[PDB]
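K.L.:
Contents of run.csv (CSV, C-alpha atoms) are below:
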```csv
chain,number,residue,atom,x,y,z
A,1,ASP,CA,-9.6,-9.7,-24.4
A,2,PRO,CA,-5.9,-10.4,-25.5
A,3,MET,CA,-4.7,-7.6,-23.2
A,4,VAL,CA,-6.9,-8.5,-20.0
A,5,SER,CA,-5.4,-12.1,-20.6
A,6,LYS,CA,-1.7,-10.9,-20.2
A,7,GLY,CA,-1.5,-9.4,-16.6
A,8,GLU,CA,-4.4,-11.5,-15.6
A,9,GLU,CA,-2.4,-14.6,-16.5
A,10,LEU,CA,0.5,-13.3,-14.3
A,11,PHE,CA,-1.8,-13.3,-11.3
A,12,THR,CA,-4.0,-16.4,-11.6
A,13,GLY,CA,-2.4,-18.4,-8.7
A,14,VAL,CA,-0.4,-17.6,-5.6
A,15,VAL,CA,2.5,-15.2,-6.3
A,16,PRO,CA,5.5,-14.7,-3.9
A,17,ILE,CA,6.0,-11.1,-2.7
A,18,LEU,CA,9.1,-9.3,-1.6
A,19,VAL,CA,8.9,-5.8,0.0
A,20,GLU,CA,11.9,-3.6,0.9
A,21,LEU,CA,11.6,-0.1,2.5
A,22,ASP,CA,14.2,2.5,3.3
A,23,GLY,CA,12.9,5.2,5.7
A,24,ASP,CA,13.9,8.4,7.4
A,25,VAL,CA,11.3,10.2,9.5
A,26,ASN,CA,12.7,13.5,11.1
A,27,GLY,CA,16.2,12.0,10.6
A,28,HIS,CA,15.2,8.7,12.5
A,29,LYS,CA,16.5,6.2,9.9
A,30,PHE,CA,15.2,2.7,9.4
A,31,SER,CA,14.9,-0.3,7.0
A,32,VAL,CA,12.2,-2.9,6.7
A,33,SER,CA,12.0,-6.2,4.7
A,34,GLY,CA,8.8,-8.1,4.0
A,35,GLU,CA,7.8,-11.4,2.6
A,36,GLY,CA,4.6,-13.2,1.8
A,37,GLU,CA,2.2,-14.0,-1.0
A,38,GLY,CA,-0.7,-12.7,-2.9
A,39,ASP,CA,-3.6,-14.5,-4.5
A,40,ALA,CA,-5.5,-11.8,-6.8
A,41,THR,CA,-8.2,-14.4,-7.7
A,42,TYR,CA,-9.4,-13.9,-4.0
A,43,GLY,CA,-8.0,-10.4,-3.4
A,44,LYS,CA,-5.9,-12.1,-0.6
A,45,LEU,CA,-2.5,-10.8,0.6
A,46,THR,CA,-0.4,-12.4,3.4
A,47,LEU,CA,2.7,-10.6,4.6
A,48,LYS,CA,5.2,-10.4,7.3
A,49,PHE,CA,7.5,-7.3,7.8
A,50,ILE,CA,10.7,-7.0,9.8
A,51,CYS,CA,12.5,-3.9,10.9
A,52,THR,CA,16.1,-4.9,10.1
A,53,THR,CA,17.7,-1.8,11.7
A,54,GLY,CA,16.3,-2.5,15.2
A,55,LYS,CA,13.3,-0.6,16.7
A,56,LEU,CA,10.8,0.9,14.2
A,57,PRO,CA,10.7,4.6,15.2
A,58,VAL,CA,7.1,5.0,13.9
A,59,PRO,CA,4.0,2.9,14.6
A,60,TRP,CA,3.6,-0.1,12.4
A,61,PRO,CA,-0.1,0.9,11.5
A,62,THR,CA,1.3,4.1,9.9
A,63,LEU,CA,3.2,2.1,7.2
A,64,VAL,CA,0.3,-0.4,6.2
A,65,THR,CA,-0.8,1.7,3.2
A,66,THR,CA,2.8,2.0,2.1
A,67,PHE,CA,3.8,-1.6,2.3
A,68,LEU,CA,0.3,-3.9,-3.5
A,69,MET,CA,-3.0,-2.9,-5.5
A,70,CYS,CA,-2.2,-5.4,-8.4
A,71,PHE,CA,-3.4,-8.1,-5.9
A,72,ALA,CA,-7.0,-6.5,-5.8
A,73,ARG,CA,-9.8,-8.9,-6.9
A,74,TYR,CA,-11.4,-7.2,-9.9
A,75,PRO,CA,-14.9,-8.7,-10.7
A,76,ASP,CA,-15.0,-10.1,-14.2
A,77,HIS,CA,-17.2,-7.2,-15.4
A,78,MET,CA,-14.7,-4.7,-14.3
A,79,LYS,CA,-11.5,-6.3,-15.7
A,80,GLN,CA,-11.1,-3.4,-18.3
A,81,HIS,CA,-10.6,-1.2,-15.3
A,82,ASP,CA,-7.6,-2.9,-13.7
A,83,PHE,CA,-4.7,-0.5,-14.4
A,84,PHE,CA,-2.4,-2.3,-11.9
A,85,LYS,CA,-2.2,-5.7,-13.5
A,86,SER,CA,-2.2,-4.1,-17.0
A,87,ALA,CA,1.1,-2.3,-16.2
A,88,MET,CA,2.8,-5.8,-15.4
A,89,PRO,CA,5.3,-7.3,-15.7
A,90,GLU,CA,7.3,-4.0,-16.3
A,91,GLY,CA,5.4,-2.6,-13.4
A,92,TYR,CA,4.4,0.8,-12.1
A,93,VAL,CA,5.6,3.7,-9.9
A,94,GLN,CA,3.4,4.5,-6.9
A,95,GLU,CA,4.0,7.9,-5.3
A,96,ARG,CA,2.2,9.3,-2.2
A,97,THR,CA,2.1,12.1,0.2
A,98,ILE,CA,0.5,11.2,3.5
A,99,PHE,CA,-0.6,14.1,5.7
A,100,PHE,CA,-1.0,13.3,9.3
A,101,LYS,CA,-3.5,15.7,10.7
A,102,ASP,CA,-1.9,18.1,13.2
A,103,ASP,CA,1.4,16.4,12.6
A,104,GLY,CA,4.1,15.6,10.0
A,105,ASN,CA,3.9,14.0,6.6
A,106,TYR,CA,5.2,11.0,4.7
A,107,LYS,CA,6.3,11.3,1.0
A,108,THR,CA,6.8,7.8,-0.6
A,109,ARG,CA,8.1,6.5,-3.9
A,110,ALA,CA,7.7,2.8,-4.8
A,111,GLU,CA,8.3,0.7,-7.8
A,112,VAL,CA,6.2,-2.4,-8.0
A,113,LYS,CA,7.3,-4.9,-10.7
A,114,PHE,CA,8.2,-8.6,-11.3
A,115,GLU,CA,11.7,-9.9,-10.7
A,116,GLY,CA,11.3,-13.4,-12.2
A,117,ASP,CA,8.3,-15.0,-10.5
A,118,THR,CA,8.5,-12.7,-7.5
A,119,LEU,CA,6.3,-9.5,-7.3
A,120,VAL,CA,8.6,-6.8,-5.7
A,121,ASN,CA,7.6,-3.5,-4.0
A,122,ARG,CA,10.8,-1.3,-3.4
A,123,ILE,CA,10.0,1.8,-1.4
A,124,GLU,CA,11.8,5.0,-0.2
A,125,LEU,CA,9.9,7.0,2.5
A,126,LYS,CA,10.8,10.4,3.8
A,127,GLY,CA,8.9,11.9,6.8
A,128,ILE,CA,9.3,15.5,8.0
A,129,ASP,CA,7.9,17.9,10.5
A,130,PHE,CA,6.7,15.4,12.9
A,131,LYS,CA,6.1,16.2,16.5
A,132,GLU,CA,8.7,14.5,18.8
A,133,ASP,CA,6.1,13.5,21.4
A,134,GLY,CA,3.1,13.4,19.0
A,135,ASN,CA,1.0,10.4,18.1
A,136,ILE,CA,3.5,9.0,15.5
A,137,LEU,CA,7.0,9.6,17.0
A,138,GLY,CA,5.4,9.3,20.6
A,139,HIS,CA,4.0,5.8,19.5
A,140,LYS,CA,0.3,6.6,20.7
A,141,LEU,CA,-1.4,4.6,18.0
A,142,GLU,CA,-3.2,1.3,18.8
A,143,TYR,CA,-2.1,-1.8,16.9
A,144,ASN,CA,-5.2,-2.3,14.9
A,145,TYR,CA,-6.6,-1.1,11.6
A,146,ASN,CA,-10.1,0.0,10.2
A,147,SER,CA,-11.8,-1.0,6.8
A,148,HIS,CA,-11.6,1.8,4.3
A,149,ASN,CA,-12.5,2.4,0.5
A,150,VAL,CA,-9.8,3.7,-1.8
A,151,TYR,CA,-11.1,5.9,-4.8
A,152,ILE,CA,-9.4,5.5,-8.1
A,153,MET,CA,-9.7,7.8,-11.1
A,154,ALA,CA,-7.8,8.1,-14.4
A,155,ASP,CA,-5.2,10.8,-14.7
A,156,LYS,CA,-5.1,10.7,-18.6
A,157,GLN,CA,-2.2,13.1,-19.1
A,158,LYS,CA,0.3,11.1,-16.9
A,159,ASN,CA,-1.0,7.9,-18.6
A,160,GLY,CA,-1.8,6.6,-15.1
A,161,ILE,CA,-4.1,7.0,-12.1
A,162,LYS,CA,-4.7,9.1,-9.1
A,163,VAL,CA,-5.9,7.7,-5.9
A,164,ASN,CA,-7.2,9.5,-2.9
A,165,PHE,CA,-8.4,8.3,0.6
A,166,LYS,CA,-8.5,9.0,4.4
A,167,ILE,CA,-7.2,6.6,7.0
A,168,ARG,CA,-8.2,7.0,10.6
A,169,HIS,CA,-5.8,5.4,13.0
A,170,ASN,CA,-7.2,4.7,16.6
A,171,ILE,CA,-5.2,6.6,19.2
A,172,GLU,CA,-4.7,4.9,22.7
A,173,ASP,CA,-7.0,7.5,24.3
A,174,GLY,CA,-10.1,6.6,22.2
A,175,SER,CA,-9.5,9.4,19.7
A,176,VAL,CA,-8.4,9.1,16.1
A,177,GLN,CA,-5.4,10.3,14.1
A,178,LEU,CA,-6.3,11.1,10.4
A,179,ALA,CA,-3.9,10.3,7.7
A,180,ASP,CA,-5.0,12.0,4.4
A,181,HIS,CA,-3.5,10.0,1.5
A,182,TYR,CA,-2.8,11.4,-1.9
A,183,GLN,CA,-1.5,9.0,-4.5
A,184,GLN,CA,-0.4,8.8,-8.2
A,185,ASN,CA,0.6,5.8,-10.2
A,186,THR,CA,2.1,5.6,-13.6
A,187,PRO,CA,3.5,2.6,-15.7
A,188,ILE,CA,7.2,2.0,-15.9
A,189,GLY,CA,6.9,0.6,-19.5
A,190,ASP,CA,5.8,2.5,-22.7
A,191,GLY,CA,3.3,-0.2,-23.7
A,192,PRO,CA,-0.5,0.3,-23.5
A,193,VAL,CA,-2.2,0.2,-20.1
A,194,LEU,CA,-5.9,0.1,-19.0
A,195,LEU,CA,-7.1,3.5,-17.9
A,196,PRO,CA,-10.1,3.0,-15.7
A,197,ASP,CA,-13.5,4.7,-15.1
A,198,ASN,CA,-13.9,6.0,-11.5
A,199,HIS,CA,-14.3,3.1,-9.1
A,200,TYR,CA,-13.0,2.0,-5.7
A,201,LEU,CA,-11.1,-0.8,-3.9
A,202,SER,CA,-12.5,-2.0,-0.5
A,203,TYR,CA,-9.8,-2.9,1.9
A,204,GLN,CA,-9.9,-5.0,5.1
A,205,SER,CA,-6.6,-5.3,7.1
A,206,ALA,CA,-5.8,-7.4,10.1
A,207,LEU,CA,-2.6,-6.8,12.1
A,208,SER,CA,-0.9,-9.5,14.3
A,209,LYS,CA,2.4,-10.7,15.7
A,210,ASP,CA,4.4,-13.8,15.2
A,211,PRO,CA,4.8,-15.4,18.7
A,212,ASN,CA,8.3,-16.7,17.8
A,213,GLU,CA,9.7,-13.5,16.5
A,214,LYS,CA,11.9,-11.2,18.7
A,215,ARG,CA,12.6,-8.6,16.0
A,216,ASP,CA,10.3,-5.6,15.7
A,217,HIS,CA,7.8,-6.8,13.2
A,218,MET,CA,4.3,-6.9,11.8
A,219,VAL,CA,2.1,-9.6,10.3
A,220,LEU,CA,-0.5,-8.1,7.8
A,221,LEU,CA,-3.5,-10.0,6.4
A,222,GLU,CA,-5.4,-7.9,3.8
A,223,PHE,CA,-8.5,-8.5,1.5
A,224,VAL,CA,-9.0,-6.2,-1.3
A,225,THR,CA,-11.9,-6.1,-3.9
A,226,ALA,CA,-12.7,-3.7,-6.7
A,227,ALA,CA,-16.2,-2.2,-6.9
A,228,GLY,CA,-18.4,0.7,-7.8
A,229,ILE,CA,-19.0,-0.1,-11.5
A,230,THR,CA,-22.3,-2.2,-11.6
```
Starting from the coordinates I provided, produce the structure as structure tokens.
P.N.:
Amino acid sequence: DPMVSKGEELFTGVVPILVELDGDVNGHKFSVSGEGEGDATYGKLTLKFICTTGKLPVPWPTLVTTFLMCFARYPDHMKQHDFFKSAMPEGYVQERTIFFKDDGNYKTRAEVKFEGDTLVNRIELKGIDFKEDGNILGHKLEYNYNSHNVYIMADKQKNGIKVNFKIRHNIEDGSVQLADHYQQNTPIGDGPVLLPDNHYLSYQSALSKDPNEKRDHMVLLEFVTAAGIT
């Protein structure tokens, strides 16, 4: 397939990744930069993020979903369903609203595209109506992360996709903080893209720290695999 060849070919080895995020949650402002690499053949992403403005005023786990679905491994039989690579190299817009149960919400806009050989994710995040002393601004979330499926459907009329899923973040008391994600993606170019049948991505994420790093930071290792079309 002369299309499936194009974006495919852009992802066949290890691709450098740059992430930049500008954030404001209840007027607490911050910036983060990330670097690493993705290897879509294996669905493998390796990233390190740094808060460049000082102390991150939200828990790192809350930003994992915000900080690259073009790196998903699509099985050969499901390659006609890979919208994210098909939008490349011109890229796509990824928008979300993240509703923290009994707390505030995040609204994000990102552009994901190539700059030369580097895959870049540029993000603006606004949070509002957070509780001062709640789980997010009160930093009551454990530094860990659960496996989760991400459901994708076509949104034909916007020439893109809609994605929906729930994240449960472990609270330090043994409870959980739900984060209800609503997502839309649409290509930046006017060229054709693959519009998928309903399917899902399986994510596994592992959080860690760099023992030599004094800045406020997070190391993220993610595996992501498309499924749900036999």
K.L.:
For residue A:72, which of A:60, A:165, A:182, A:11 is the closest residue, counting all atoms listed in the file?
P.N.:
A:11
K.L.:
Looking at all atoms listed in the file, which of A:38, A:57, A:116, A:91 is the one that sits closest to residue A:26?
P.N.:
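Closest to residue A:26 of all the choices is A:57.
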K.L.:
Using all atoms listed in the file for the distances, tell me which of A:173, A:78, A:84, A:178 is nearest to residue A:105.
P.N.:
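Selected residue with least distance to residue A:105: A:178.
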K.L.:
If we count all atoms listed in the file and set the cut-off at 12 Å, which residues sit around residue A:218, ignoring sequence neighbours fewer than 6 positions away in its own chain? Please answer as an mmCIF file with C-alpha atoms, keeping the file's coordinate frame.
P.N.:
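Dumped everything to result.cif:
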```cif
data_model
loop_
_atom_site.group_PDB
_atom_site.id
_atom_site.type_symbol
_atom_site.label_atom_id
_atom_site.label_comp_id
_atom_site.auth_asym_id
_atom_site.auth_seq_id
_atom_site.Cartn_x
_atom_site.Cartn_y
_atom_site.Cartn_z
ATOM 1 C CA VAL A 32 12.200 -2.900 6.700
ATOM 2 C CA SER A 33 12.000 -6.200 4.700
ATOM 3 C CA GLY A 34 8.800 -8.100 4.000
ATOM 4 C CA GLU A 35 7.800 -11.400 2.600
ATOM 5 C CA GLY A 36 4.600 -13.200 1.800
ATOM 6 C CA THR A 46 -0.400 -12.400 3.400
ATOM 7 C CA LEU A 47 2.700 -10.600 4.600
ATOM 8 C CA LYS A 48 5.200 -10.400 7.300
ATOM 9 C CA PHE A 49 7.500 -7.300 7.800
ATOM 10 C CA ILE A 50 10.700 -7.000 9.800
ATOM 11 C CA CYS A 51 12.500 -3.900 10.900
ATOM 12 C CA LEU A 56 10.800 0.900 14.200
ATOM 13 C CA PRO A 59 4.000 2.900 14.600
ATOM 14 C CA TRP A 60 3.600 -0.100 12.400
ATOM 15 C CA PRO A 61 -0.100 0.900 11.500
ATOM 16 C CA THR A 62 1.300 4.100 9.900
ATOM 17 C CA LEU A 63 3.200 2.100 7.200
ATOM 18 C CA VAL A 64 0.300 -0.400 6.200
ATOM 19 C CA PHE A 67 3.800 -1.600 2.300
ATOM 20 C CA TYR A 143 -2.100 -1.800 16.900
ATOM 21 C CA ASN A 144 -5.200 -2.300 14.900
ATOM 22 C CA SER A 205 -6.600 -5.300 7.100
ATOM 23 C CA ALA A 206 -5.800 -7.400 10.100
ATOM 24 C CA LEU A 207 -2.600 -6.800 12.100
ATOM 25 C CA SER A 208 -0.900 -9.500 14.300
ATOM 26 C CA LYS A 209 2.400 -10.700 15.700
ATOM 27 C CA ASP A 210 4.400 -13.800 15.200
ATOM 28 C CA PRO A 211 4.800 -15.400 18.700
#
```
K.L.:
Can you measure atom CA of residue A:125 to atom CA of residue A:107 for me? One decimal in Å is fine.
P.N.:
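Computing it gives 5.8 Å between the two atoms.
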K.L.:
What's around residue A:186 at 10 Å? Count all atoms listed in the file, leave out sequence neighbours fewer than 3 positions away in its own chain, and write the answer as a PyMOL selection string.
P.N.:
chain A and resi 83-84+87+91-95+111+155+158-162+189+193
K.L.:
Write the residues of the selection above to a file with C-alpha atoms, as a short mmCIF file (atom, residue, chain, number, x, y, z; two decimals), keeping the file's coordinate frame.
P.N.:
```
data_model
loop_
_atom_site.label_atom_id
_atom_site.label_comp_id
_atom_site.auth_asym_id
_atom_site.auth_seq_id
_atom_site.Cartn_x
_atom_site.Cartn_y
_atom_site.Cartn_z
CA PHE A 83 -4.70 -0.50 -14.40
CA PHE A 84 -2.40 -2.30 -11.90
CA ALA A 87 1.10 -2.30 -16.20
CA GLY A 91 5.40 -2.60 -13.40
CA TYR A 92 4.40 0.80 -12.10
CA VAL A 93 5.60 3.70 -9.90
CA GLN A 94 3.40 4.50 -6.90
CA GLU A 95 4.00 7.90 -5.30
CA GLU A 111 8.30 0.70 -7.80
CA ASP A 155 -5.20 10.80 -14.70
CA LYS A 158 0.30 11.10 -16.90
CA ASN A 159 -1.00 7.90 -18.60
CA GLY A 160 -1.80 6.60 -15.10
CA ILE A 161 -4.10 7.00 -12.10
CA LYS A 162 -4.70 9.10 -9.10
CA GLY A 189 6.90 0.60 -19.50
CA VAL A 193 -2.20 0.20 -20.10
#
```
K.L.:
Restricting the calculation to all atoms listed in the file: of A:85, A:101, A:166, A:29, which residue gets closest to residue A:119?
P.N.:
A:85
K.L.:
Output stretch 83-104 of chain A as a PDB file, in the frame of the given file, making sure N, CA, C and O atoms are there.
P.N.:
```pdb
ATOM      1  N   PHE A  83      -5.979  -1.067 -13.934  1.00  0.00           N
ATOM      2  CA  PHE A  83      -4.700  -0.500 -14.400  1.00  0.00           C
ATOM      3  C   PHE A  83      -3.478  -1.345 -13.796  1.00  0.00           C
ATOM      4  O   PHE A  83      -2.492  -1.560 -14.464  1.00  0.00           O
ATOM      5  N   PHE A  84      -3.551  -1.784 -12.524  1.00  0.00           N
ATOM      6  CA  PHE A  84      -2.400  -2.300 -11.900  1.00  0.00           C
ATOM      7  C   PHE A  84      -1.841  -3.560 -12.548  1.00  0.00           C
ATOM      8  O   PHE A  84      -0.637  -3.725 -12.741  1.00  0.00           O
ATOM      9  N   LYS A  85      -2.718  -4.532 -12.834  1.00  0.00           N
ATOM     10  CA  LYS A  85      -2.200  -5.700 -13.500  1.00  0.00           C
ATOM     11  C   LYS A  85      -1.775  -5.383 -14.950  1.00  0.00           C
ATOM     12  O   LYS A  85      -0.847  -6.007 -15.447  1.00  0.00           O
ATOM     13  N   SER A  86      -2.454  -4.417 -15.565  1.00  0.00           N
ATOM     14  CA  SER A  86      -2.200  -4.100 -17.000  1.00  0.00           C
ATOM     15  C   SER A  86      -0.763  -3.548 -17.226  1.00  0.00           C
ATOM     16  O   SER A  86      -0.141  -3.795 -18.277  1.00  0.00           O
ATOM     17  N   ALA A  87      -0.234  -2.856 -16.216  1.00  0.00           N
ATOM     18  CA  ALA A  87       1.100  -2.300 -16.200  1.00  0.00           C
ATOM     19  C   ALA A  87       2.251  -3.441 -16.040  1.00  0.00           C
ATOM     20  O   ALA A  87       3.440  -3.135 -16.167  1.00  0.00           O
ATOM     21  N   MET A  88       1.866  -4.689 -15.743  1.00  0.00           N
ATOM     22  CA  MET A  88       2.800  -5.800 -15.400  1.00  0.00           C
ATOM     23  C   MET A  88       3.158  -6.521 -16.788  1.00  0.00           C
ATOM     24  O   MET A  88       2.271  -6.648 -17.699  1.00  0.00           O
ATOM     25  N   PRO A  89       4.325  -7.181 -16.797  1.00  0.00           N
ATOM     26  CA  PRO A  89       5.300  -7.300 -15.700  1.00  0.00           C
ATOM     27  C   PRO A  89       6.285  -6.132 -15.515  1.00  0.00           C
ATOM     28  O   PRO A  89       7.016  -6.089 -14.509  1.00  0.00           O
ATOM     29  N   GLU A  90       6.336  -5.184 -16.457  1.00  0.00           N
ATOM     30  CA  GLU A  90       7.300  -4.000 -16.300  1.00  0.00           C
ATOM     31  C   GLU A  90       7.064  -3.170 -15.098  1.00  0.00           C
ATOM     32  O   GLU A  90       7.999  -2.609 -14.511  1.00  0.00           O
ATOM     33  N   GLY A  91       5.794  -3.052 -14.727  1.00  0.00           N
ATOM     34  CA  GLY A  91       5.400  -2.600 -13.400  1.00  0.00           C
ATOM     35  C   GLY A  91       4.952  -1.168 -13.408  1.00  0.00           C
ATOM     36  O   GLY A  91       4.696  -0.566 -14.512  1.00  0.00           O
ATOM     37  N   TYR A  92       4.786  -0.592 -12.212  1.00  0.00           N
ATOM     38  CA  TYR A  92       4.400   0.800 -12.100  1.00  0.00           C
ATOM     39  C   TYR A  92       5.073   1.476 -10.845  1.00  0.00           C
ATOM     40  O   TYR A  92       5.558   0.796  -9.923  1.00  0.00           O
ATOM     41  N   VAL A  93       5.164   2.785 -10.940  1.00  0.00           N
ATOM     42  CA  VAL A  93       5.600   3.700  -9.900  1.00  0.00           C
ATOM     43  C   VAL A  93       4.370   4.120  -9.076  1.00  0.00           C
ATOM     44  O   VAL A  93       3.334   4.468  -9.627  1.00  0.00           O
ATOM     45  N   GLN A  94       4.431   3.950  -7.774  1.00  0.00           N
ATOM     46  CA  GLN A  94       3.400   4.500  -6.900  1.00  0.00           C
ATOM     47  C   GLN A  94       3.939   5.528  -5.962  1.00  0.00           C
ATOM     48  O   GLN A  94       4.904   5.207  -5.234  1.00  0.00           O
ATOM     49  N   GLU A  95       3.453   6.781  -6.032  1.00  0.00           N
ATOM     50  CA  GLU A  95       4.000   7.900  -5.300  1.00  0.00           C
ATOM     51  C   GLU A  95       2.842   8.334  -4.312  1.00  0.00           C
ATOM     52  O   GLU A  95       1.683   8.372  -4.723  1.00  0.00           O
ATOM     53  N   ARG A  96       3.152   8.738  -3.081  1.00  0.00           N
ATOM     54  CA  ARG A  96       2.200   9.300  -2.200  1.00  0.00           C
ATOM     55  C   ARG A  96       2.704  10.471  -1.342  1.00  0.00           C
ATOM     56  O   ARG A  96       3.953  10.523  -1.099  1.00  0.00           O
ATOM     57  N   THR A  97       1.783  11.301  -0.861  1.00  0.00           N
ATOM     58  CA  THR A  97       2.100  12.100   0.200  1.00  0.00           C
ATOM     59  C   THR A  97       0.954  11.762   1.186  1.00  0.00           C
ATOM     60  O   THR A  97      -0.250  11.625   0.800  1.00  0.00           O
ATOM     61  N   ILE A  98       1.372  11.528   2.437  1.00  0.00           N
ATOM     62  CA  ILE A  98       0.500  11.200   3.500  1.00  0.00           C
ATOM     63  C   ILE A  98       0.535  12.225   4.576  1.00  0.00           C
ATOM     64  O   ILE A  98       1.601  12.440   5.146  1.00  0.00           O
ATOM     65  N   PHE A  99      -0.567  12.935   4.768  1.00  0.00           N
ATOM     66  CA  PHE A  99      -0.600  14.100   5.700  1.00  0.00           C
ATOM     67  C   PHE A  99      -1.275  13.654   6.980  1.00  0.00           C
ATOM     68  O   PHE A  99      -2.489  13.408   7.031  1.00  0.00           O
ATOM     69  N   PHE A 100      -0.458  13.619   8.047  1.00  0.00           N
ATOM     70  CA  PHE A 100      -1.000  13.300   9.300  1.00  0.00           C
ATOM     71  C   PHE A 100      -1.564  14.608   9.975  1.00  0.00           C
ATOM     72  O   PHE A 100      -0.826  15.622  10.230  1.00  0.00           O
ATOM     73  N   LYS A 101      -2.913  14.604  10.107  1.00  0.00           N
ATOM     74  CA  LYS A 101      -3.500  15.700  10.700  1.00  0.00           C
ATOM     75  C   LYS A 101      -2.855  16.238  11.991  1.00  0.00           C
ATOM     76  O   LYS A 101      -2.655  15.516  13.007  1.00  0.00           O
ATOM     77  N   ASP A 102      -2.563  17.500  12.027  1.00  0.00           N
ATOM     78  CA  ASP A 102      -1.900  18.100  13.200  1.00  0.00           C
ATOM     79  C   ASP A 102      -0.509  17.532  13.497  1.00  0.00           C
ATOM     80  O   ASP A 102       0.013  17.743  14.580  1.00  0.00           O
ATOM     81  N   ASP A 103       0.125  16.956  12.468  1.00  0.00           N
ATOM     82  CA  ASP A 103       1.400  16.400  12.600  1.00  0.00           C
ATOM     83  C   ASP A 103       2.138  16.401  11.221  1.00  0.00           C
ATOM     84  O   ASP A 103       1.773  17.277  10.311  1.00  0.00           O
ATOM     85  N   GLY A 104       3.220  15.636  11.099  1.00  0.00           N
ATOM     86  CA  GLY A 104       4.100  15.600  10.000  1.00  0.00           C
ATOM     87  C   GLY A 104       3.515  14.896   8.744  1.00  0.00           C
ATOM     88  O   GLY A 104       2.328  14.474   8.712  1.00  0.00           O
TER      89      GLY A 104
END
```
